[PDB]
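Student: experimental structure and sequence below, a few questions after.
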Amino acid sequence: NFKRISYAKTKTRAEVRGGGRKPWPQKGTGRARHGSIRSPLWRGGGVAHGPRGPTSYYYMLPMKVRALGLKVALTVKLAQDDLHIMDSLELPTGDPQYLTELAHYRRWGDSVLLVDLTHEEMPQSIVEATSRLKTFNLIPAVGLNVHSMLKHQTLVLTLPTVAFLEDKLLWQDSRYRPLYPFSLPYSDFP
Amino acid sequence: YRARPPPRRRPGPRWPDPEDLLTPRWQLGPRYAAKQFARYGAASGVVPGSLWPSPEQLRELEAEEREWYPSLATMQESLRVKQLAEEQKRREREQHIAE
Amino acid sequence: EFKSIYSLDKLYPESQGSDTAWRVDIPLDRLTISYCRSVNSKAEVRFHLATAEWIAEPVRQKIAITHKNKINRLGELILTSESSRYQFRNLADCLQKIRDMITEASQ
Amino acid sequence: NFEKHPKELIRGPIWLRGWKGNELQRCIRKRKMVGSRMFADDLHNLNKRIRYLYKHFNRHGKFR
Amino acid sequence: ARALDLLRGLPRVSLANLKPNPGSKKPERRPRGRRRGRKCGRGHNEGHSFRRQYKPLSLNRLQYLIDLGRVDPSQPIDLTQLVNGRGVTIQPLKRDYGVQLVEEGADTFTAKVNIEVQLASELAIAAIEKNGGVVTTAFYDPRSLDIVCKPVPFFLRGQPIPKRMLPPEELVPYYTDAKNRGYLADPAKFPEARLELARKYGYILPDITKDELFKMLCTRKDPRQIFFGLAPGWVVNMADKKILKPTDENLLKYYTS
Amino acid sequence: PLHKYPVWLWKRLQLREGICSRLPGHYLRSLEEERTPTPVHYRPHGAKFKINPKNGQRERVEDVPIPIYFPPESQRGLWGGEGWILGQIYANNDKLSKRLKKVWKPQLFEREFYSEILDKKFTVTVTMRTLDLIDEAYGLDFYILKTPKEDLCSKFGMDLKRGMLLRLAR
Amino acid sequence: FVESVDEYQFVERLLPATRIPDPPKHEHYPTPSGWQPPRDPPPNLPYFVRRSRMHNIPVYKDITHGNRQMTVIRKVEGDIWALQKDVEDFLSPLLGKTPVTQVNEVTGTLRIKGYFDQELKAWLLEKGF
Ligand SMILES: [Mg+2]
Ligand SMILES: [Mg+2]
């Protein structure tokens, strides 16, 4: 639900075209009088309580708790015979078929997500072979997240990047009361 | 495949185009480039003349102090006058009650 | 350093020395103090009125006469009171009760 | 490392990019953000429904 | 820990399993039906704003932070120290006053400090001085205190350093008397007050000048200088790690108020 | 959908657009600045910050610029900066009564001046306040030389100032 | 007017901190206000207690429903039912009635109806770990 903001709209008892006057003779016929030929009771008028306004549901909810849950899902992938953590995401070959055949040979899973330490320092051969990996993916440092944490069958973390995630969760561990927004400088922020 | 790398910060503090008609006044004024200096040092900023206040503004600050700050001696004299008046009023009330 | 226009170098123009920050009756060695929560409490101080060299002989006699109820079987004068229990409010109106008793025995 | 919140990562309209109030609040934000950028039909429409909702909040309902 | 292996006793925890916790949200009943709804919800203070507010600092919690290491005693105990480690927080708004010491239970409290609060008890002054503290009370004006308390942001604000204005007339006599162990009183009148308090506390006032941190204790903060170590009117160039200070004579004069 | 630039500068937008954007830069400045004049009825308050009357609180306060209700005919002469006021009022100036819409119109006088800079006599309507303004300026030519055209707040006097400036620079 | 300066040590003490560290050593135990370090090594009890981020014994009250006072230990780990039995046993002399307690096995917590707070903190302290 993080960012989706739907746009579907409607019209109200004054939005869609037409309607100011009494529509027909209110009592001469045996029919029903109304207020308009533009209220929501007739054939063409209003969708009276439909979703008005392009709505949004952003939720900057408890971020330390989000961190702990992200850790939790990482732990789930750890115990589930999925956390195959590699030393470095180098590609010994250039063919994506090499990755596919190794993955079937490793019995890793039906889907793979490998993440590295730095995007610019991600190996060119690995991404180049990965570009045709129609179901596998490669990811940078901050991208380890929840829907991602279910996304593949298994995740391949880079070792120094694994330490980076550890340090991140460690800074997530025991965060004092924030009295300033943590984007600016601090005593030991980096 | 692999997505584009995630968002980075802006390339230091950027001054805006004063010709641009779209810019809000909050980030293009006198203290705004001061905020830019406070962001990117003098390393990206301008000469630090914006840091010190203006001489006309200096006289304005002096006027603000003169209409907004007394001296401690004046306050002490006012307190002494108030205490003397309170003691005289108390003595007069006691004399009126005694009579 | 920086000195204000209204700085203490002028705001206290006479006293430029550091020692005037804190530079300087009831004896500390002779008496014994006691506080214990008994909620309720009772805080007391006792001292040997016979050994009271800090009191004049007529003053010691007046203390032994008026505070004879405060004089114990061991000849120790003790005083206990009731407000609240720690450092500054509990021990030294016990001390000051002793001092005021001495002052009243003086005259 | 706290460079930028998720509260900016959303690609969506600047009327409502992350201050999610009620319907009446939604329109109020739409006005005070972008009202001087609409064609006259949208301005009259937003004014119309804003009057409607301001009457809607405190007049007739189930809890009183 | 049987938890992880017991989880290993199932298939891979896919997206098809992330269940909301039972008791997440009560059921969203559309107000209708044969059971819930047939009619659907209808049936058939004068000067409170001018009152000052001062944050009461629990000095037992000051002892806690002393013990817990939030605020070390090796340097002065200022509002910078009082906020910097998150032991007790200030609120600049609501027309507030600032930091002031609390009044209960100084039993078992062994440390040396130099407290600088807006207000404190005479018992609190004797509490500080019992182990030999330093007690001073200036003002902290509204914009001034707000700049002081959260010093991180104004260090990167960009304006030059403001100087603290003197307290108002009502607050003036409070700081003017050394009986409060304040900042704006006679620096010799403090000694007789210390002696009278030591008599009233039954306290042996040690010669703190003989102590090792006496020079550290000798720091009594200058008025109109919120930063304990910096210069009035300065500018914290936090990027280049520099201090931008003016040199203009009239600027120095208006700065030297 | 939404229009990109804001209509709050739409007129100003046309000011940079085309043939009119080839106008003189001095004309651009003279139509660009918006310095305000001294009021006709909005007496200026003292300073920036002052003590509250019933609260005793130092608050910063400004003054409201009352809009000058300028009838068209007063542009045809050299009136002052005064005019009428189209507003409302209470019967006893008491807010607990039913107020009615009201007007405060000026009392003009048809007078004459004889400018040496114009070297001619022009007779038009003016104000006694405008008479005092000219007398404080000590001459109609010096007054035309003195006040801003934005301070002039009159078309005929602005035209007279334009003529005087053309004569002086000629 | 301007002059470059290098005396930012005064700047350094002005920098407030975020990452709260473990406390400095107060020589005697308990502390002046009575804080404590956890004892080392930890005991061989299957009930396991972690401490706070700000380093205290993890006991808390609970207030709800007007008269509802209760309490809980939050970060329990291990075979928590043993800790529940122990809490009932300590509570057994404390109020006589059997302890009205519930664990939060997924949340890894224990909660006892009623506020027996300071004595419970004492029981955890005497446990040492
Ligand atoms: Mg329709
Ligand atoms: Mg509760």
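Tutor: Arrived safely, thanks for sending. Numbers count the residues shown, from 1 in each chain, chains lettered A, B, ... in the order given. Ligands and ions are numbered 1, 2, ... in the order given.

Student: any idea which helix is longest in chain B?
Tutor: helix B:72-98 (DSSP state H).

Student: tell me which helix or strand the spatially most central residue of chain B sits in.
Tutor: Compute the mean C-alpha point of chain B, and by Cα atoms, centre = their mean the closest residue is residue B:61, 9.4 Å away. According to DSSP states H and E, residue B:61 maps onto helix B:55-66.

Student: how about the residues of chain B by chain A?
Tutor: Residues of chain B lying close to chain A (Cβ under 8 Å from any Cβ of the partner chain) are B:1-3, B:5-6. Every residue, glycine included, has its C-beta placed from N, CA and C.

Student: nearest to chain C, of these?
Tutor: Closest approach to chain C among these (Cβ to the nearest Cβ): residue B:6, at 46.8 Å.

Student: so what's the backbone phi/psi at the closest residue to that closest one other than its chain neighbours?
Tutor: Leaving aside its chain neighbours, residue B:6 sits nearest to residue A:142 (5.4 Å; criterion: Cβ to Cβ, 6 or more residues apart in numbering or on different chains). Taking degrees, to the nearest 10, you get phi -80, psi -10 for the backbone angles of residue A:142.

Student: who wins on neighbours among the residues of chain B next to chain A?
Tutor: Counting neighbours by other Cβ atoms under 10 Å in any protein chain shown, residue B:2 leads the residues of chain B next to chain A with 21 neighbours.

Student: angles on the backbone of the nearest residue to that residue once chain neighbours are set aside, please.
Tutor: Leaving aside its sequence neighbours, residue B:2 sits nearest to residue A:138 (Cβ to Cβ, 6+ apart; 3.8 Å). Main-chain dihedrals, residue A:138, degrees, to the nearest 10: phi -130, psi 150.

Student: list the helices and strands the top helix by length along chain C packs on?
Tutor: When chain C is parsed with DSSP H, its longest helix is helix C:92-106. Applying 3 or more Cβ pairs under 8 Å, 6 or more residues apart in numbering or on different chains; DSSP states H and E, one finds that helix C:92-106 makes contact with strand C:43-48, helix C:57-66, strand C:76-81, helix E:189-201.

Student: who's in contact with it?
Tutor: C:25-26, C:31, C:33, C:43-45, C:47, C:55-56, C:59, C:62-63, C:66-67, C:77, C:79-81, C:83, E:200-202 (Cβ atoms under 8 Å, 6 or more residues apart in numbering or on different chains).

Student: middle-most residue in chain F, spatially?
Tutor: Short answer for chain F (Cα atoms, centre = their mean): residue F:153, at 3.9 Å.

Student: which residue packs closest to it, ignoring adjacent ones?
Tutor: Per Cβ to Cβ, 6+ apart, closest to residue F:153 is residue F:81, 5.0 Å.

Student: and what of residue A:79?
Tutor: Of all residues not flanking residue A:79 in the chain, residue E:4 sits nearest, at 4.3 Å (Cβ to Cβ, 6+ apart).

Student: what about that neighbour, neighbour count?
Tutor: Counted with other Cβ under 10 Å, the neighbours of residue E:4 add up to 12.

Student: before we move on, the earlier item: correct me, but the residue nearest to the centre of chain B touches residue B:53?
Tutor: Yes. Shown here, residue B:61 and residue B:53 form a contact pair, counting by Cβ atoms under 8 Å, at 6.7 Å.

Student: quick one: contacts for the residue in chain B that chain C sits nearest to?
Tutor: Residue nearest to chain C within chain B: residue B:72 (6.8 Å; Cβ to the nearest Cβ). When contacts are counted by Cβ under 8 Å, 6+ apart, residue B:72 touches C:6, C:11, E:166, E:172, E:176, E:184.

Student: neighbours around the fifth one, how many?
Tutor: For residue E:176, the number of neighbouring residues by other Cβ under 10 Å comes to 19.

Student: then the one 3 residues further on?
Tutor: Burial of residue E:179, expressed as a neighbour count using other Cβ under 10 Å, amounts to 14.

Student: and the residue nearest to it when sequence neighbours are not counted, what does it touch?
Tutor: Using Cβ to Cβ, 6+ apart and skipping residues adjacent in sequence, the residue nearest residue E:179 is residue E:193, 5.6 Å away. Residue E:193 makes contacts with E:178-179, E:181, as judged by Cβ under 8 Å, 6+ apart.

Student: ok, of the residues you listed, which one's closest to residue E:230?
Tutor: residue E:181 (25.1 Å; Cβ to Cβ).

Student: got the contact list for the closest residue in space to the closest one that isn't next to it in sequence?
Tutor: Closest residue in space to residue E:181, ignoring its immediate chain neighbours: residue E:135 at 4.0 Å, by Cβ to Cβ, 6+ apart. Counting by Cβ under 8 Å, 6+ apart, residue E:135 makes contact with E:115-117, E:120, E:124-125, E:128-129, E:181.

Student: chain A contacts on chain G?
Tutor: G:15-20, G:53-54.

Student: again, only this time at 6 Å
Tutor: G:15, G:17-20, G:53 (Cβ under 6 Å from any Cβ of the partner chain).

Student: ChimeraX command for the buried members of the residues you listed?
Tutor: Applying 16 or more other Cβ atoms under 10 Å in any protein chain shown to the residues of chain G next to chain A leaves a buried subset, and the ChimeraX line that selects it is:
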select /G:15,18,20
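
Student: closest one of the residues of chain G next to chain A to residue F:122?
Tutor: Among those, and counting by Cβ to Cβ, the member closest to residue F:122 is residue G:15, at 73.2 Å.

Student: where is the longest helix in chain A?
Tutor: helix A:63-79.

Student: tell me the helices and strands packed up against that one.
Tutor: Identification of packing neighbours for helix A:63-79 by 3 or more Cβ pairs under 6 Å, 6 or more residues apart in numbering or on different chains; DSSP states H and E yields helix E:2-8.

Student: most proximal residue of the stretch 1-150 of chain E with respect to chain F?
Tutor: Closest point on the stretch 1-150 of chain E to chain F, by Cβ to the nearest Cβ, is residue E:50, at 7.0 Å.

Student: list the contacts of that residue.
Tutor: Contacts for residue E:50 (Cβ atoms under 6 Å, 6 or more residues apart in numbering or on different chains) come out as none.

Student: which residues in the chain form helices?
Tutor: Defaulting to chain A. Assigned by DSSP H, the helices in chain A fall at A:63-79, A:96-106, A:124-130, A:146-151, A:159-172.

Student: meant chain E actually
Tutor: Under DSSP H, chain E gives helices at E:2-8, E:59-68, E:79-84, E:122-130, E:142-149, E:151-155, E:172-176, E:189-201, E:214-217, E:249-255.

Student: equivalent analysis for chain G, please.
Tutor: With DSSP H, the ranges of helices along chain G come out as G:9-14, G:80-95, G:117-127.

Student: and those as TSV, adding mean neighbour count and distance to residue D:32?
Tutor: Formatted as TSV, the helices of chain G follow (neighbours: other Cβ atoms under 10 Å in any protein chain shown; distance: least, Cβ to Cβ, whole Å):
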stretch	mean neighbour count	distance to residue D:32
helix G:9-14	16	39
helix G:80-95	16	53
helix G:117-127	15	49
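
Student: dump those helices to CSV, plus distance to residue A:28.
Tutor: Formatted as CSV, the helices of chain G follow (distance: least, Cβ to Cβ, whole Å):
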stretch, distance to residue A:28
helix G:9-14, 86
helix G:80-95, 80
helix G:117-127, 80
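
Student: of those helices, which is nearest residue E:29?
Tutor: Of all these, helix G:80-95 sits nearest to residue E:29, with 35.7 Å by Cβ to Cβ.

Student: okay, now residue A:122: neighbour count?
Tutor: 23.

Student: can you tell me how far it is from chain C?
Tutor: The gap separating residue A:122 from chain C is 54 Å, by Cβ to the nearest Cβ, to the nearest Å.

Student: do I have it right that that residue meets residue A:116?
Tutor: Yes. Using Cβ atoms under 6 Å, residue A:122 is in contact with residue A:116, at 4.5 Å.
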